[PDB]
2 protein chains.
Amino acid sequence: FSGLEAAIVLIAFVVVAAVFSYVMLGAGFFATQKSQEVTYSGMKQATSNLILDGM
Amino acid sequence: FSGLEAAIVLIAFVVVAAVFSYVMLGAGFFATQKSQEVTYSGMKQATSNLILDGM
């Protein structure tokens, strides 16, 4: 049994990690960038209120 | 009984040895050179992965 083949796999473990890492970050930024949008809209929802002024 | 004839055979033992030796090496290099190819392809199999980037 040789670690030469272990290397072959070690790539695969690392690569899928990096790809998941890659996407999760992308998934994550979008998660954040979405989480930001709802907040900006959230405050804009309340503060965009319009009012009847006087009689 | 004379070793003169033993020589005649001793050639034959040596020759088939050298031929087997000759081929086994050739069989062996190919074994190795094959063992290398699968490894190169093996890493190339994992690392050649392609990815969808972003939305």
# chains A, B, ... in the order shown; residues from 1 in each chain; ligands from 1
call {"tool": "interface_residues", "arguments": {"of": "chain B", "to": "chain A", "cutoff": "8 Å", "atoms": "only C-alpha atoms", "output": "ChimeraX atom specification"}}
result
/B:39,42-43,46-47,51,53-54
call {"tool": "atom_distance", "arguments": {"atom1": "CA of residue 37 in chain A", "atom2": "CA of residue 17 in chain A"}}
result
29.0 Å
call {"tool": "atom_distance", "arguments": {"atom1": "CA of residue 55 in chain B", "atom2": "CA of residue 38 in chain A"}}
result
19.1 Å
